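Trainee: Can you keep this structure in mind? I'll have questions shortly.
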Amino acid sequence: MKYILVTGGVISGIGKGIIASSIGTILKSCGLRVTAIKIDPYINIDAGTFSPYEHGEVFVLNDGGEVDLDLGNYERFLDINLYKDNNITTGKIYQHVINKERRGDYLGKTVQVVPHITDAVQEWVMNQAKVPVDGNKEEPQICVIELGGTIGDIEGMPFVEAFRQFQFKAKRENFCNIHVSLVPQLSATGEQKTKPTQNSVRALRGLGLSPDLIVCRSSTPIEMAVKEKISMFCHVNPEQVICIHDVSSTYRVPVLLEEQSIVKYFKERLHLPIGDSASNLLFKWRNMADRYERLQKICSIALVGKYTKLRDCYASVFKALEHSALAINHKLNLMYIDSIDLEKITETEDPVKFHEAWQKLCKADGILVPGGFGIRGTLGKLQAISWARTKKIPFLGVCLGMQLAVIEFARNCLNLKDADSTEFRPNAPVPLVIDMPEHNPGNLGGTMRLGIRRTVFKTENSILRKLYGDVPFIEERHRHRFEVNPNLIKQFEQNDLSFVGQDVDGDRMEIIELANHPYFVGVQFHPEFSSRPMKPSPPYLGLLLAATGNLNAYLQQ
Amino acid sequence: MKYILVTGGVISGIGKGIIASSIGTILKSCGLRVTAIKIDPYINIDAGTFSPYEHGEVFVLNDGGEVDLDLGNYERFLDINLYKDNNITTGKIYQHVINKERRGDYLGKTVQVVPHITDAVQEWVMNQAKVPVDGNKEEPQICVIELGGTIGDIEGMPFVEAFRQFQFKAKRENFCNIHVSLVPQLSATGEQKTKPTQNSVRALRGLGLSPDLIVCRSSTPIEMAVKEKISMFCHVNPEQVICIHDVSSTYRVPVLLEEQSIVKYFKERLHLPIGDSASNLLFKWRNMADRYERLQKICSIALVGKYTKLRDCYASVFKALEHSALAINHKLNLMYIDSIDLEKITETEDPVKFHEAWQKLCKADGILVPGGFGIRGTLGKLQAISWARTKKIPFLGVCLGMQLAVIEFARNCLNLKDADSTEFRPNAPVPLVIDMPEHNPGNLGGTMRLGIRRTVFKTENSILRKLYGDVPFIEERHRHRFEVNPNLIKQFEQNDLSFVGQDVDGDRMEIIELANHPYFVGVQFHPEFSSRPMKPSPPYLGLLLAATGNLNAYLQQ
Amino acid sequence: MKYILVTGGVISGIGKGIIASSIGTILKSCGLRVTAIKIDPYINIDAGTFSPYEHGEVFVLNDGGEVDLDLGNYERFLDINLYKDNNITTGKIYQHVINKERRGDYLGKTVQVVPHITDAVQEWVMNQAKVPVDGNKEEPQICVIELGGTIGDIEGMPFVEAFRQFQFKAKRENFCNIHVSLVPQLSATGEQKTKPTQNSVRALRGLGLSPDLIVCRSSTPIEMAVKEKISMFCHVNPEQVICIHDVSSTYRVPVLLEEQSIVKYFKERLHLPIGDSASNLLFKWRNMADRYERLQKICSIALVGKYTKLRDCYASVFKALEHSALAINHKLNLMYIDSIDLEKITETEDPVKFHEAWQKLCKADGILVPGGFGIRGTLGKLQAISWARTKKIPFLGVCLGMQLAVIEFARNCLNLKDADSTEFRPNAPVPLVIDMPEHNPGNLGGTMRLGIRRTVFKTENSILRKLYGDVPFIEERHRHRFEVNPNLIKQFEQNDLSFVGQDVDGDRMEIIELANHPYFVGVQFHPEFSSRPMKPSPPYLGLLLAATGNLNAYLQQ
Ligand SMILES: Nc1ccn([C@@H]2O[C@H](COP(=O)(O)OP(=O)(O)OP(=O)(O)O)[C@@H](O)[C@H]2O)c(=O)n1
Ligand SMILES: Nc1ccn([C@@H]2O[C@H](COP(=O)(O)OP(=O)(O)OP(=O)(O)O)[C@@H](O)[C@H]2O)c(=O)n1
Ligand SMILES: Nc1ccn([C@@H]2O[C@H](COP(=O)(O)OP(=O)(O)OP(=O)(O)O)[C@@H](O)[C@H]2O)c(=O)n1
Ligand SMILES: Nc1ncnc2c1ncn2[C@@H]1O[C@H](COP(=O)(O)OP(=O)(O)O)[C@@H](O)[C@H]1O
Ligand SMILES: Nc1ncnc2c1ncn2[C@@H]1O[C@H](COP(=O)(O)OP(=O)(O)O)[C@@H](O)[C@H]1O
Ligand SMILES: Nc1ncnc2c1ncn2[C@@H]1O[C@H](COP(=O)(O)OP(=O)(O)O)[C@@H](O)[C@H]1O
């Protein structure tokens, strides 16, 4: 199978992941079938033990992975559904080899980092390239590999040795190489320098790889004498020094690389069966990148969250949301409100943090409550859901918002004010949200409801059955532990809020739809991760179709 | 003698020379006596065979050096007068050792680049540190050394080996080390990274030097957690990671390093006799850097030249000129006019390049004609000097402008139109500007008039004797070959233009002063290189005192 | 033209020059025409200003070069006659570029070590590869290049950069690469390690070359799992890790590389027109390497010299001498006698150094007096030439021995005891050996008689005309300044010693032949450098044909 290894150059925050995924979008739209194996230098096996603030935004796969943020970038720029071993971290090999040396699967033999780690990386990438990562069951054709972290650092050393020997496991005509590099410049001088691109490739050749492409990233597009300079010091023709300047969007990055004629390069370098025509489906990525800059209308919806800033921590949500806003022709102004700032605590001790966050909630024409774990920042979002019910703003709750809306509906329309969850003050007077972990035969104890499960509708007049396309069942990614108590359906028999979503065996309720309000829905699943920039996530479309008035006319065609 | 070795880090155009000279200005203004030995990676022995366009601006010393542009930066930030061996280039050692291996001064012994080049660098810097580079004859106390070019390049390899062994020739407490480094950042992210500072110091330690200071250069001032990161990977305390951001002037660079507390560092690192008080003369550099930003008035003088742009090529002139403009409180708008664009050739073939350059000459209230060699761009400047004589704008001619003004005065007030030079159409009908090279006993042939020579005034009503301070003689740097013909003094006996300057033995005329015009003077010497930012060059002051009307009131006190 | 670049690996004294010349002997004996350009890291332009003790043995070319010892190794393993620019030293480029920057042949432009040195190396090797280095005037076909010194040292840095860019000036199929490496082992362990071969190639790839062959040099032949290890870490198939163990001779090194199948490798790597047959003339090198180990007879001749040991300093002579001893089937025991130890000084102050050196002279059956400059060690060799005349041992004088024999013949058969040279106590009572430098039109002053000149015989009964093949004239390399005085032919008209050799214009006498003694001849030229291992140098053959009695029977067929 053909292999494309991107690898970093001078510094860290270049944009490997937008380069590596945009090599995917080209060869996805050339007809070829693409996988993606993002290498990670960090140690976190089954990575989602993080704090989303740090790191950012634990991503969820179909099988139940707790996988890196930047693996979500492949499942949008392609329609790929990745697997939990289709990520690979440093502490995933070292756990895989320590588990093999204690079984005795090496027969003594004094296991080493060469070759017994570098074989374990190469056995990994020979296998996860083969698994059909599209829904179409067929062996794939290329494999973009993203070696995270820079080079010359001391986590590249187990991996660039592993891909040093991997040039010759495959043939020369099966293994390309991308080296994304920083080409800085100073302001008042204008000279666009490229010393560190020289000293990074010299560090790269000493590690055993030579760049086939050298993707220089700058502020302005690099001069034609600059790429003539890199051609002499980095052993490649000047047609292969691709620039990528300060792009105004991520959607322009695939159409920018195509005009740099990379499609013609991978035709001869990897001998791929592209063909020679209009070189991709330019009619999708450019046809929306023209729409992304042509945005002058505003659907400024709010997003109350547990965290102080958008150091990303909701990248996924943000992304789904735009995906809707690209299909409605609206520049989305995401007002990020901290949930702590709306509490009763804040107005006593610090009114400026209080009122400035509330003022954003008043001007907003959509509240989104995403997922989250813990008592922290909970009591603020309970004020915001009451602001959606008593002032008629479109609302969407995701995996905690569905839980907290059903809690506050009992507090404010049923006056069951003592009802709470069991995550929150666990010895519950009225146990409305209880714990109910899963029991799948094959593990021990209470497992999280995690992965693709089935969700069955109940009624016919569902505003989500209108959006998903009148289908009986949907499949979305779950990540939680808790449910609404089935012994509180008795208190929910006739009033405004009712249940629409339900799983297979019926013990757990999924989707709510409040009456006499254009949009008040809450989901147990995460609608984010099934979105693409082609098809929006259907709950996120209805949150923006109701945030601009088009929710009426959308449901008349 | 104490030694300070600055050395470059990530890229080329950082600003070694403004860092290395600002370490000079601190220790000049701490009471210590400073030298400067700029290393150069290039090969040009007796360097001024360049084209000023390329490179830029051949600088002139007292003894007759043809020395680098960036050695002029030391003779302004200090009152130092440098010597021609106080520069050192790669092709100056290799010529010095090839000349010694052919005499036999090594006694066979198979001379090598280690040690016989690295000794020749160390014998050089042990000697030129000792020579009193100030006018005060006394052995100096420190020696700033500027290793030009980056590190890890293959000209550092002869020199960083030469300073590797030079740590131990001197004691530990005689040899500091500065490593100026690039700390880039990307725009929309804000992360201020410092990977290449790590990999440059690792390259530096492998070459045998460890940084005592690490001067990180960025756009914004670097965060206090960023310099905490460099402290762990580059083996120095966090108080020694000095930042230098996008400075608005070069004069702020010395006062910016002082607030980073470098004076306290070199007190303990080098055991220098500074003292503890107001740590420098802050009352000079800050007291003009406040004046440099407080400039709202304009003295927009023109500068017609042979070259297409100010890729620097007149840095010296530019610099002298501001030095005057700092003392007059005027932001100098240097309009750079190309001499080719004012010719009769240009208006025929390309009127836009013609009129846009002339339009600058009409709005200007000062014409400066600097030095230059050749027929190219000569006929354009002859139109501009006629524009100074027939429209009464203050004028200054420097070393070709003095020659061309005396030529055009004969063409337009004496109607000796056939008179020209002997550089230009050499078989002269009327030889008004002839060749007259020097004959100093000790060389063979016609030497250039080059270096500090004596210039004696003739009259008493000189507008330059008013400016230099009524002195009988001045000493300025010469660099030319040609003179005005002494057999054309007969045609100059009584009219408007007369001669004021004269050398010792009287064969050669120096300085002219036209009557019935506030400022029309021309000099054979170069007034630029004797200027400081404290004392302006006195011809350049009179070109700006007449460009704002203050030439009257300056000569009444 | 095809190019083969050998380059050193771990340490210095590996044997580049025996590897690089043995690649020559293969492709010489495959039918191809070979040149040789030995790079040198040292600085000595026109290198023979050395002391032969240091360094060793200034070699002489046809045109008048004063060239490295190790360029003589190419003129024996091939019949090549090298040129003085067909060597290249570091101080030959730097002098070539400093001479071009002062003429102005770069037009300013700020000459640099990249590219203006690396172009000057590549312009050099593109030119001296083209010059026909064989006597057959025809453009050659390959070019062995010996980059002296190790790699990662800071003289490789100007040259491995120069051959980094030179991979792409030529095509991929015109530039091979040899990397000769050290594979050490420890005694009692037996493990044959190859860590430094890995870290040298990683240093080599970071410099920009990849090894096509990796010639590992050890004590024992390296194991077949060791070359399997280098194949994974140095990017070449295991058939290309050539071993070379502790060879018993230098003549086995060409036939050892052939059995490692290098001829089959350069057929596909460089696409050379070899053919497929008996892969070389194995019938020459193996057919004498079998003769070199089959030597049990002894022709132990003496060699009195100015130097304390054979740190080589007479490599050339030594080599010529064996070349004769291979054709006589005698293991040559070269007894090296110091000339100082035979003096009257030594027996007074130190009898052990005296008698042990004389005892060697008494047992010896041949005295050779080679060339040399100076009064030092002269009076000892005058005792040894008297030991050849008064005790009838075969003698040969070379370029000082011809001078000193004619001196001592006047002292001991003519009793002109006051006669001496003019090098020695220059105000000569009887000037028998005077100075007579050449006057070639094109230089100034007294030039050395240097290079190929013509030597014309005088008589018919010459024991050298018997040896050279009854030819009228011979051509041999000269390197001296002095002659025998033509005004002392009057004192030489009739006695035992007479003159046989003579130049063209007759002023200078060359070759002497003493009567009533089987072999007492002396030459002004150096017979050494025209020898091969196929044809011996004809004076050195007659010194060994008379040292074993076969001088009679050789001259009867
Ligand atoms: N890879 C390199 C590049 C340059 N040099 C030497 O360093 C000098 C130029 O240094 P620098 O400005 O750092 O190289 P540039 O390529 O000009 O820098 P940039 O990458 O900003 O263009 C040249 O004379 C050259 O001899 C070197 O030894 N090795
Ligand atoms: N000198 C270093 C720095 C980092 N790392 C590894 O690389 C990862 C981080 O890489 P990078 O982002 O390049 O390092 P930072 O210092 O975070 O980058 P910056 O200089 O931009 O702060 C860390 O997990 C660390 O294990 C390393 O091996 N060697
Ligand atoms: N660290 C070094 C050592 C030597 N050289 C250069 O390489 C030549 C000598 O090379 P080499 O023999 O490898 O160095 P030695 O120290 O003599 O080798 P050894 O370690 O065997 O003594 C010298 O002219 C010197 O200019 C260099 O650039 N860097
Ligand atoms: N294919 C993609 N789709 C969507 N977002 C992306 C994609 N690639 C990168 N991004 C986002 O853009 C930012 C670019 O930084 P990134 O490429 O992650 O830096 P690095 O090169 O260190 O991985 C990231 O924070 C990431 O969240
Ligand atoms: N001490 C100084 N005085 C005046 N001008 C200076 C001084 N130092 C630098 N400059 C000018 O400012 C610019 C800064 O670039 P420079 O420091 O020369 O880069 P580099 O670090 O590659 O030498 C130079 O072009 C130089 O002309
Ligand atoms: N082709 C050759 N012919 C004759 N003698 C040689 C040849 N090559 C090397 N030698 C001799 O054998 C010795 C081997 O060392 P050498 O190859 O010179 O080490 P290095 O690899 O450092 O040049 C040298 O001293 C040299 O005199």
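Here's how to read the names in the structure tokens: chain A, B, ... by the order shown, residue numbers from 1 in each chain, ligand numbers from 1 in the order shown.
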Output as an MDAnalysis selection string the set of chain C residues within 7 Å of chain B, with distances taken over only C-alpha atoms.
Mentor: chainID C and resid 42:44 49:51 54:55 91 94 98 101 104 107:113 154:155 157:158
Trainee: Per DSSP on the backbone, what are the helix (DSSP H, G or I) residues of segment 370-545 of chain B, as an NGL selection string?
Mentor: :B and (378-389 or 401-412 or 465-468 or 486-488 or 490-492 or 528-530 or 538-545)
Trainee: Taking only C-alpha atoms and all ligand atoms into account, report as a VMD selection string which residues have an atom no farther than 6 Å from an atom of ligand 4.
Mentor: chain A and resid 12 to 18 21 73 to 74 77
Trainee: Go ahead and write the residues just picked, N, CA and C atoms, as a PDB file, in the first residue's frame.
Mentor:
```pdb
ATOM      1  N   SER A  12       6.807  23.591  16.235  1.00  0.00           N
ATOM      2  CA  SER A  12       5.683  22.719  16.531  1.00  0.00           C
ATOM      3  C   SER A  12       4.413  23.135  15.818  1.00  0.00           C
ATOM      4  N   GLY A  13       3.914  24.332  16.101  1.00  0.00           N
ATOM      5  CA  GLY A  13       2.610  24.733  15.620  1.00  0.00           C
ATOM      6  C   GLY A  13       2.592  25.243  14.196  1.00  0.00           C
ATOM      7  N   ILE A  14       3.114  24.447  13.273  1.00  0.00           N
ATOM      8  CA  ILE A  14       3.076  24.767  11.861  1.00  0.00           C
ATOM      9  C   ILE A  14       1.709  24.507  11.269  1.00  0.00           C
ATOM     10  N   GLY A  15       1.174  23.312  11.457  1.00  0.00           N
ATOM     11  CA  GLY A  15       0.062  22.928  10.619  1.00  0.00           C
ATOM     12  C   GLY A  15       0.294  21.657   9.837  1.00  0.00           C
ATOM     13  N   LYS A  16       0.956  20.680  10.465  1.00  0.00           N
ATOM     14  CA  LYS A  16       0.997  19.317   9.940  1.00  0.00           C
ATOM     15  C   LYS A  16      -0.401  18.805   9.629  1.00  0.00           C
ATOM     16  N   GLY A  17      -1.305  18.913  10.604  1.00  0.00           N
ATOM     17  CA  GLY A  17      -2.613  18.294  10.492  1.00  0.00           C
ATOM     18  C   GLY A  17      -3.496  18.904   9.427  1.00  0.00           C
ATOM     19  N   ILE A  18      -3.283  20.176   9.099  1.00  0.00           N
ATOM     20  CA  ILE A  18      -4.000  20.725   7.962  1.00  0.00           C
ATOM     21  C   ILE A  18      -3.281  20.398   6.663  1.00  0.00           C
ATOM     22  N   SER A  21      -4.076  16.337   6.300  1.00  0.00           N
ATOM     23  CA  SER A  21      -5.442  16.066   5.887  1.00  0.00           C
ATOM     24  C   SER A  21      -5.736  16.615   4.501  1.00  0.00           C
ATOM     25  N   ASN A  73      -9.873  15.826  12.747  1.00  0.00           N
ATOM     26  CA  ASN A  73      -9.642  16.572  11.525  1.00  0.00           C
ATOM     27  C   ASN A  73      -9.611  15.672  10.301  1.00  0.00           C
ATOM     28  N   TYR A  74      -9.337  14.382  10.479  1.00  0.00           N
ATOM     29  CA  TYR A  74      -9.398  13.459   9.359  1.00  0.00           C
ATOM     30  C   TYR A  74     -10.813  12.997   9.082  1.00  0.00           C
ATOM     31  N   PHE A  77     -12.441  16.279   6.882  1.00  0.00           N
ATOM     32  CA  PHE A  77     -11.856  16.434   5.567  1.00  0.00           C
ATOM     33  C   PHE A  77     -11.949  15.173   4.729  1.00  0.00           C
TER      34      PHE A  77
END
```
Trainee: Neighbours of ligand 6 within 10 Å, counting only C-alpha atoms and all ligand atoms, as JSON, numbers by chain?
Mentor: {"C": [7, 8, 9, 11, 12, 13, 14, 15, 16, 17, 18, 19, 20, 21, 22, 23, 24, 25, 40, 56, 57, 69, 70, 71, 72, 73, 74, 75, 76, 77, 78, 146, 147, 148, 149, 150, 180, 249, 250, 251, 253, 254, 311, 312, 313, 314, 315, 316, 319, 532, 533]}
Trainee: Could you please write out, as a ChimeraX atom specification, every residue of segment 305-382 of chain B that DSSP assigns to strand (DSSP E or B)?
Mentor: /B:305,331,335-338,367-369
Trainee: Mind writing the picked residues with C-alpha atoms as an mmCIF file, in the first residue's frame?
Mentor:
```
data_model
loop_
_atom_site.group_PDB
_atom_site.id
_atom_site.type_symbol
_atom_site.label_atom_id
_atom_site.label_comp_id
_atom_site.auth_asym_id
_atom_site.auth_seq_id
_atom_site.Cartn_x
_atom_site.Cartn_y
_atom_site.Cartn_z
ATOM 1 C CA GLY B 305 22.433 58.512 -6.693
ATOM 2 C CA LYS B 331 11.914 63.728 10.955
ATOM 3 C CA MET B 335 13.618 61.055 -1.015
ATOM 4 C CA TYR B 336 15.948 58.773 -2.950
ATOM 5 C CA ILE B 337 16.117 59.775 -6.606
ATOM 6 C CA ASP B 338 17.836 57.595 -9.178
ATOM 7 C CA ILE B 367 20.030 68.104 -2.898
ATOM 8 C CA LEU B 368 22.828 65.810 -1.735
ATOM 9 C CA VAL B 369 25.154 64.283 -4.331
#
```
Trainee: Need the shell around residue 216 of chain B: protein/DNA/RNA residues with any atom at most 8 Å away, counting only C-alpha atoms. Skip same-chain ones fewer than 3 positions apart. Format as a list in words?
Mentor: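 Listed by chain and then number, they are residues 180, 181, 182, 183, 241, 242, 243 and 244 of chain B.
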Trainee: What's the 10 Å shell around residue 131 of chain A, counting only C-alpha atoms, without same-chain residues fewer than 3 positions away, as a PyMOL selection string?
Mentor: chain A and resi 35+82-83+86+126-128+134+137-140
Trainee: Could you take the residues named above and write them with C-alpha atoms, as a short mmCIF file (atom, residue, chain, number, x, y, z; two decimals), in the first residue's frame?
Mentor:
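Saved the output as selection24.cif:
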```cif
data_model
loop_
_atom_site.label_atom_id
_atom_site.label_comp_id
_atom_site.auth_asym_id
_atom_site.auth_seq_id
_atom_site.Cartn_x
_atom_site.Cartn_y
_atom_site.Cartn_z
CA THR A 35 -6.64 6.04 5.47
CA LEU A 82 -11.37 5.96 12.20
CA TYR A 83 -10.65 3.16 14.67
CA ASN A 86 -5.78 3.85 13.91
CA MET A 126 1.37 -2.43 7.98
CA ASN A 127 -1.85 -3.56 9.67
CA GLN A 128 -3.92 -0.41 10.28
CA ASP A 134 -14.32 3.86 4.92
CA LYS A 137 -15.39 -2.79 2.87
CA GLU A 138 -12.40 -2.83 0.49
CA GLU A 139 -8.66 -2.65 1.11
CA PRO A 140 -7.46 0.97 0.82
#
```
Trainee: At what distance in Å, to one decimal, does atom CA of residue 317 of chain B lie from atom CA of residue 281 of chain B?
Mentor: 26.8 Å
Trainee: When you draw a straight line from atom CA of residue 306 of chain A to atom CA of residue 59 of chain A, how long is it in Å?
Mentor: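 These atoms are spaced 17.2 Å apart.
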Trainee: May I have the residues within 7 Å of residue 5 of chain A as JSON, numbers by chain, using only C-alpha atoms and disregarding those fewer than 5 positions away in the same chain?
Mentor: {"A": [144, 145, 146, 176, 177, 178]}
Trainee: Could you write those residues out with C-alpha atoms, as a PDB file, in the first residue's frame?
Mentor:
```pdb
ATOM      1  CA  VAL A 144      -1.413   9.444   5.098  1.00  0.00           C
ATOM      2  CA  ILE A 145       0.770   9.236   8.209  1.00  0.00           C
ATOM      3  CA  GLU A 146       1.093  12.227  10.515  1.00  0.00           C
ATOM      4  CA  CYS A 176       6.650   9.248  -0.291  1.00  0.00           C
ATOM      5  CA  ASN A 177       7.685  11.844   2.273  1.00  0.00           C
ATOM      6  CA  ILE A 178       6.404  15.310   3.167  1.00  0.00           C
TER       7      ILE A 178
END
```
Trainee: Each residue of chain B with at least one atom at most 12 Å from ligand 2 should appear once, together with its nearest atom pair and the corresponding distance in Å (one decimal); atoms considered: only C-alpha atoms and all ligand atoms; ordering: chain, then increasing residue number; output as CSV.
Mentor:
```
residue,atom,partner,partner_atom_place_in_ligand_line,distance
B:182,CA,ligand 2,20 (O),11.3
B:183,CA,ligand 2,20 (O),8.7
B:184,CA,ligand 2,21 (O),8.8
B:185,CA,ligand 2,21 (O),8.5
B:186,CA,ligand 2,21 (O),10.5
B:189,CA,ligand 2,21 (O),11.5
B:190,CA,ligand 2,21 (O),10.9
B:191,CA,ligand 2,21 (O),7.2
B:192,CA,ligand 2,21 (O),6.5
B:193,CA,ligand 2,21 (O),3.1
B:194,CA,ligand 2,20 (O),3.7
B:195,CA,ligand 2,20 (O),3.4
B:196,CA,ligand 2,20 (O),7.1
B:197,CA,ligand 2,20 (O),7.7
B:198,CA,ligand 2,1 (N),6.3
B:199,CA,ligand 2,1 (N),7.5
B:200,CA,ligand 2,1 (N),10.9
B:201,CA,ligand 2,1 (N),10.6
B:202,CA,ligand 2,1 (N),9.3
B:222,CA,ligand 2,22 (O),11.9
B:223,CA,ligand 2,22 (O),11.4
B:225,CA,ligand 2,22 (O),9.7
B:226,CA,ligand 2,22 (O),7.4
B:227,CA,ligand 2,22 (O),10.3
B:228,CA,ligand 2,22 (O),10.5
B:229,CA,ligand 2,16 (O),7.1
B:230,CA,ligand 2,20 (O),8.4
B:231,CA,ligand 2,16 (O),11.5
B:232,CA,ligand 2,1 (N),9.3
B:233,CA,ligand 2,1 (N),6.6
B:234,CA,ligand 2,1 (N),9.7
```
Trainee: Quick one: everything within 10 Å of residue 262 of chain B, counting only C-alpha atoms, minus sequence neighbours fewer than 4 positions away in the same chain. Send it as JSON, numbers by chain.
Mentor: {"B": [23, 26, 213, 239, 240, 241, 242, 256, 257, 258, 266, 267]}
Trainee: Store the residues picked out above in a file with N, CA, C and O atoms, as a JSON list (two decimals), in the first residue's frame.
Mentor:
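This is the output file again.json:
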```
[["chain", "number", "residue", "atom", "x", "y", "z"],
["B", 23, "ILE", "N", 26.10, 46.19, 23.23],
["B", 23, "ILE", "CA", 26.91, 45.77, 24.36],
["B", 23, "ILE", "C", 28.11, 46.70, 24.48],
["B", 23, "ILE", "O", 28.61, 46.96, 25.58],
["B", 26, "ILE", "N", 26.88, 50.14, 26.27],
["B", 26, "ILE", "CA", 26.76, 49.99, 27.71],
["B", 26, "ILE", "C", 28.12, 50.13, 28.36],
["B", 26, "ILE", "O", 28.34, 51.01, 29.19],
["B", 213, "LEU", "N", 24.77, 34.51, 27.76],
["B", 213, "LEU", "CA", 23.50, 35.15, 27.52],
["B", 213, "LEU", "C", 22.88, 34.57, 26.27],
["B", 213, "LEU", "O", 23.58, 34.09, 25.38],
["B", 239, "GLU", "N", 17.02, 34.82, 34.37],
["B", 239, "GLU", "CA", 17.33, 36.24, 34.32],
["B", 239, "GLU", "C", 18.25, 36.60, 33.17],
["B", 239, "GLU", "O", 18.52, 37.79, 32.96],
["B", 240, "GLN", "N", 18.74, 35.61, 32.42],
["B", 240, "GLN", "CA", 19.72, 35.82, 31.37],
["B", 240, "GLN", "C", 19.18, 35.54, 29.98],
["B", 240, "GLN", "O", 19.95, 35.43, 29.03],
["B", 241, "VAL", "N", 17.87, 35.40, 29.84],
["B", 241, "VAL", "CA", 17.24, 35.29, 28.54],
["B", 241, "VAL", "C", 16.68, 36.67, 28.22],
["B", 241, "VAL", "O", 15.55, 37.00, 28.58],
["B", 242, "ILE", "N", 17.49, 37.49, 27.57],
["B", 242, "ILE", "CA", 17.14, 38.87, 27.28],
["B", 242, "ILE", "C", 16.28, 38.90, 26.03],
["B", 242, "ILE", "O", 16.60, 38.24, 25.03],
["B", 256, "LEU", "N", 17.21, 49.45, 25.87],
["B", 256, "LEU", "CA", 16.36, 48.30, 26.12],
["B", 256, "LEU", "C", 17.14, 47.18, 26.80],
["B", 256, "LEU", "O", 16.58, 46.49, 27.65],
["B", 257, "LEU", "N", 18.41, 47.00, 26.44],
["B", 257, "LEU", "CA", 19.21, 45.96, 27.07],
["B", 257, "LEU", "C", 19.54, 46.29, 28.51],
["B", 257, "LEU", "O", 19.71, 45.38, 29.33],
["B", 258, "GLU", "N", 19.64, 47.58, 28.84],
["B", 258, "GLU", "CA", 19.96, 47.98, 30.20],
["B", 258, "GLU", "C", 18.81, 47.67, 31.15],
["B", 258, "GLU", "O", 19.03, 47.23, 32.29],
["B", 266, "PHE", "N", 27.19, 41.28, 33.47],
["B", 266, "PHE", "CA", 28.60, 41.37, 33.13],
["B", 266, "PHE", "C", 29.46, 41.86, 34.29],
["B", 266, "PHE", "O", 30.69, 41.79, 34.19],
["B", 267, "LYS", "N", 28.86, 42.35, 35.37],
["B", 267, "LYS", "CA", 29.64, 42.69, 36.55],
["B", 267, "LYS", "C", 30.16, 41.44, 37.24],
["B", 267, "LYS", "O", 31.29, 41.42, 37.73]]
```
Trainee: Skip residue 172 of chain A itself and residues of its chain fewer than 2 positions away, then list as an MDAnalysis selection string all residues within 12 Å of it, counting only C-alpha atoms.
Mentor: chainID A and resid 1:4 165:170 174:177 209:210 212 268:271
Trainee: One decimal, in Å: what's the spacing between atom CA of residue 295 of chain C and atom CA of residue 518 of chain C?
Mentor: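 One can read the atom CA of residue 295 of chain C to atom CA of residue 518 of chain C distance as 25.3 Å.
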Trainee: Given the choices B:543, B:361, B:80, B:453, which gets closest to ligand 5 if the distance is worked out from only C-alpha atoms and all ligand atoms?
Mentor: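 Ranked by minimum distance to ligand 5, first place goes to B:80.
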Trainee: May I ask which of the residues A:38, A:84, A:480, A:389 is the closest one to residue 159 of chain A, counting only C-alpha atoms?
Mentor: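 Closest residue, counting only C-alpha atoms: A:38.
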